[PDB]
Structures are given as C-alpha cells and as structure tokens.
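Residue numbers (the numbering used here): -14 to 59. Built from N, CA and C at the ideal position, the CB exists for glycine as well. Okay, structure first, notes after.
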C-alpha cells in the first residue's frame, strides 16, 4: 500500500513552503522532489531509506506551535 519514495506531511501555515521542507527534511537524504500545497504537503526522497527514516523521524515533531505528522504517501 505504501510507496518506495514519497512522504505525505500535514498542512502547514502561511509558512508552507519548500524552504522549511528542505531545512527540515534536509538532514535525511537527497530529496528527489518536494511539494507544498495549502492543505497538505509531500516529499519524495531519492532514496527509499531516507524516506522510510524521515517518515519515522519527522512524524511526531513540532512546527508552528503544532505537532507535525508525516507518513508514507500512497
């Protein structure tokens, strides 16, 4: 059901941009691509490992005075 390289993030505030995604998901691996839309976010790593990790790393983090959430984007 899950993917090899794709992590779905929660909806970010007015600061919803790739800038934060890179500064956050940066220390994980070579992000093949990134997507930021008002309501939901997505990040595709160039390495399954980097993604599988970021999913268990970013998930449960904090940002914008709110609990972050990331999972394996279908």
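Local Cβ density within 10 Å of residue i, reported as buried at 16 or more and exposed below that
i           : result
residue -13 : exposed
residue 6   : buried
residue 4   : exposed
Range of the contiguous alpha helix (DSSP H) that encloses residue i
i          : result
residue 33 : 33 to 42
N- and C-terminal bounds of the beta strand (DSSP E) containing residue i
i          : result
residue 54 : Where residue 54 is concerned, there is no enclosing beta strand (DSSP E), given that its DSSP letter is neither H nor E.
One or two residues paired with residue i in a DSSP bridge
i          : result
residue 26 : -6, 21
Next on the checklist: Ignoring anything shorter than 3 residues, give me the beta strand (DSSP E) runs that lie fully in the stretch -5 to 22, in order along the chain.
Outcome noted: 16 to 22
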